[PDB]
């Protein structure tokens, strides 16, 4: 057997809100959308979004995504999402930082998920 690819599952109290953000704000498309569960895709990467009732879940939910052209992606998203990660109430993103494991930025979505985008 061969494991070929993987799909992170983001969590949200409000899945509809999360879907609108990921598609309309960040440029993903809908794979499917239900009240309790949805999927969005951009390029080779699919993310699922699952309903929860406890905010602790999204506040502890994370995913990593590999990117060719991290600067370009940051340039796109930094226009439509706050770059004040600590102070913004809405979704926000960090700057690109050179971490020991790689160059990346983190984005916090409206549900509270923390998704890291790392240069490949």
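Numbering follows the first chain given and starts at 1.
The deposited model assigns a higher average Cα B-factor to 75-83 than to the other stretch when 59-67 and 75-83 are compared. Between 85-93 and 49-57, the higher mean Cα B-factor belongs to 85-93.
Among all modelled residues in its chain, residue 118 ranks in the middle third by Cα B-factor.
In the deposited entry, the Cα temperature factor of residue 41 places it in the lowest third of its chain's modelled residues. Per-chain ranking of the deposited C-alpha B factor places residue 14 in the highest third.
In this PDB entry, the Cα temperature factor of residue 109 sits in the bottom third of its chain's modelled residues, the lowest group.
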